[PDB]
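> Mind having a look at this structure? Questions to follow.
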Amino acid sequence: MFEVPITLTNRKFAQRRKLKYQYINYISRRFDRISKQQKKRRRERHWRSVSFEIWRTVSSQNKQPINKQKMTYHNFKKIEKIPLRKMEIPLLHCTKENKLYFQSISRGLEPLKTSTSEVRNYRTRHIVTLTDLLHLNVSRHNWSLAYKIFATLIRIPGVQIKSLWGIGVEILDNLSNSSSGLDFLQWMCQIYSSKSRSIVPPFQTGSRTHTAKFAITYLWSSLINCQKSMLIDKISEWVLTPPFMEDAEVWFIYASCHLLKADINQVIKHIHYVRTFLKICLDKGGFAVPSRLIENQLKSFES
Amino acid sequence: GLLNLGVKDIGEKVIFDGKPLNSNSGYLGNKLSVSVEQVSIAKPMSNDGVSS
């Protein structure tokens, strides 16, 4: 009853997405008309926008104005009537289950089986139980079992590493026996930071644009390994090998490295330093409500 | 660093598309401004083939 961490499937689901986005396109085409293939799905899904430290959202103010009824019954069924037929052609080539699937999604029903629910089979149902027991044991603070789970999981030739916070917290409350925590974190980062589609990202990703998980997690957690102090110039040397260098938040990680080094003219240059990266992190992002707090601290330093 | 100061000297490189805009007219079209910003040098690193 939880998301699976393996690449969803082969099967039907492609032909279903076919039917879906093909029909979508026929209706939206005739709709702009009246208002006046993996690739068809691709263009289709394509032309569309793809007191505390909140990445504040973009709120409503310069946005738009009001609309007034577009769509009576007699006029919707206009736009519906033709594309449904063109659909009657390749519907003739997809399978019965997907005839009825398209039929119902087109009546506006919504399925009550899931892609997981219907992908039957010895092996996957076993993985499903394995991963469940993982997520359960981790909820239970049963770090030992949990760990056993995780290990037998990743042993299996199907699981992609989308279960890393799995370890990153698991191996984290497991001081016991294994290289851990930062080990995993900076490992993830080093491996998946270069070149060396669906079924993806925010908490996994590749290069050229940003990479939540591994990056920021080791990138603060090492600074927490320096709250273990009271290391830094290392974290800021290899933090100081950008660029993605639009990673503004990592600009704030850098400025944090300088406020922690600051804790004689050396300490000056470290406070000068943090003063610089805070605004080069006015790049944009959006942190630290008043930087005048950071700066009141920097004046407690200036003493 | 010298480079980031050096590049700062080069400044823009300007070229004009020449579209009339349909205002004889002194309008030269869109103005392209090409200038670098800052330069960095990565330490020597070995990527393994492709795949980053």
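Derivation of every value follows stated rules applied to the coordinates shown; laboratory data play no part. Positions of Cβ are backbone-derived with ideal geometry, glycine not excepted, and every protein chain shown enters the neighbour counts.
> Can you pull the mean other chain C-beta count within 10 Å for peptide A:241-249?
Mean shielding by partner chains, rounded to a whole number: 1.
> Sticking with this structure for a sec: Given the -39500 (n - 2.57) contribution per DSSP H run of 4+ residues, what per-residue ellipticity at 222 nm results for chain A, rounded to the nearest 500 deg cm²/dmol?
-18000 deg cm²/dmol
> Which listed residue (A:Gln22, A:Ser51, A:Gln61) has the Cα farthest towards the positive end of the charge dipole for the range A:19-77, taking +1 on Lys and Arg C-beta and -1 on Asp and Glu C-beta about the Cα centre?
Farthest towards the positive end: A:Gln22.
> I need the phi-derived Karplus couplings for the range A:210-225: 6.51 cos²θ - 1.76 cosθ + 1.60, θ = phi - 60°, integer Hz, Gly and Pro marked x.
3J(HN,Hα) across the range A:210-225, in whole Hz: 6, 9, 2, 1, 3, 3, 5, 5, 5, 6, 8, 4, 6, 5, 6, 4.
> Charges only on Cβ, +1 for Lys and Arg, -1 for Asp and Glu: so what's the dipole of chain A about the Cα centre, in debye to the nearest 20?
Dipole size: approximately 2900 debye.
> Quantify how strongly other chains surround peptide A:183-196 by giving the mean number of their Cβ atoms within 10 Å of each of its Cβ atoms.
Values: counts 0, 0, 0, 0, 0, 0, 0, 0, 2, 2, 2, 7, 6, 7.
For peptide A:183-196, the averaged partner shielding equals 2.
> Would you mind counting up the charge near A:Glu88? Only other residues with Cβ under 14 Å from its Cβ, with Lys and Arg at +1 and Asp and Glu at -1. Let's see the in-between values first.
Details: positive: A:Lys81, A:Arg85, A:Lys86, A:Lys99; negative: A:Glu80.
My count for the surroundings of A:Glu88 gives +3.
> Rg and Dmax of the range A:121-303, using alpha carbons, in Å: what are they?
Rg then Dmax for the range A:121-303, in Å: 19.8, 69.
> Continuing with this model, one more query. If you count, for each residue, the other Cβ atoms within 10 Å and average over each peptide, how do A:283-290, A:161-168 line up from highest to lowest?
By packing density, highest mean first, the sequence is A:161-168, A:283-290.
> Still on this model: Going out from 0 in 10 Å bins, what whole percent of all Cα-Cα distances in the protein assembly as shown drops into each bin?
Cα pair-distance distribution for the protein assembly as shown, in percent: 4, 14, 19, 22, 20, 15, 6, 1, 0.
> Could I ask something else about it? How much FRET efficiency would the formula 1/(1 + (r/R0)^6) give for A:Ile191 and A:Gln160, where r is the Cβ-Cβ distance and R0 is 22 Å, rounded to 0.05?
Plugging the Cβ-Cβ distance into 1/(1 + (r/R0)^6) gives 0.95.
> Which one, A:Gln204, A:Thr217, A:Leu145, is farthest towards the positive end of the dipole of chain A when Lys and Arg carry +1 and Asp and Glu -1 on their Cβ?
Among A:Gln204, A:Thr217, A:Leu145, the one farthest towards the positive end of the dipole of chain A is A:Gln204.
> Could you compute the FRET efficiency for A:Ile89 and A:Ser198, with r as their C-beta to C-beta distance and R0 at 30 Å, rounded to 0.05?
Result of the calculation: an efficiency of 0.70.
> Along the range A:137-152, what does the Karplus equation 6.51 cos²θ - 1.76 cosθ + 1.60 (θ = phi - 60°) give for ³J(HN,Hα), rounded to whole Hz, x for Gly and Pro?
4, 5, 5, 7, 6, 8, 3, 5, 3, 1, 3, 3, 3, 2, 5, 5
> Can you work out the Karplus-derived ³J(HN,Hα) for every residue in the range A:163-169? Use 6.51 cos²θ - 1.76 cosθ + 1.60 with θ = phi - 60°, whole Hz, and x for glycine or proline.
Result, ordered by residue: 10, 7, 2, x, 6, x, 9 Hz.
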